[PDB]
């Protein structure tokens, strides 16, 4: 109930940022979907898109396994940017996507 952004508590956002910090191949991560539009309900998914060039499906599935181990209640749909060929999905990410994490 006590949220920070996107209807999520601060510690959840930071825990995900933590898992992304383990991967130097992640240039950034963009939040899209309902939590980026404000049209989210309590148990809504967390839709994230990892922008990175050195990221393969191997790292993709490893990150998903790490996220799962965080034991968060929300589901996380993670996807690599350069692996998407759905024009509609791309349009939505570039129009309504919020910068969720940045590598520094």
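Residue numbers count along the first chain shown, from 1.
Averaged over Cα atoms, the B-factor as recorded in the entry is higher for 30-38 than for the other of 30-38 and 63-71. For the pair 72-80 and 51-59, the record assigns the higher mean C-alpha temperature factor to 51-59. When the modelled residues of the chain are ordered by their C-alpha B factor, residue 90 lands in the highest third. In the deposited entry, the Cα temperature factor of residue 96 sits in the top third of values across the chain's modelled residues.
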